[PDB]
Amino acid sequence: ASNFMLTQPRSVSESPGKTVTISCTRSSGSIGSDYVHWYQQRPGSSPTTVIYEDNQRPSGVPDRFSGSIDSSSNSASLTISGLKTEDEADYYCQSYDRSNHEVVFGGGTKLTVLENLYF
């Protein structure tokens, strides 16, 4: 009766110009059985789509954003290359549970851009 879960890391952090990857793991059923989409949500704003249909980019979304699927880990991933301060936001994956006929959202990942340089 429970929907499958989409589990994302709660927090991801990186310096500008680096590449970050945010995963979304499906707890039951195959990740490839249903499309995964990704939304960006800035504070005080509504979500907007950054990736749809696993790896498609809406018009207007920079090419630094890409999506992929990894069957062996049963996960989807959002990759952001050339990270910019403006990419600081919450990111949600989303799919669909055909058994219960419900949209499933991941729990969200807060992306923070580090200000100092660490090694």
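Residue numbers here begin at 1 and follow the sequence given.
Looking at mean Cα B-factors across 52-60 and 90-98, the upper value is held by 52-60. The question of which stretch, 34-42 or 81-89, has the higher mean Cα B factor is settled in favour of 81-89. Taking the PDB entry at face value, the top CA B factor among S2, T7, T112, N116 belongs to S2. Split the chain's modelled residues into thirds by C-alpha temperature factor. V104 is in the lowest one.
The PDB entry assigns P47 a C-alpha temperature factor belonging to the lowest third of its chain's modelled residues.
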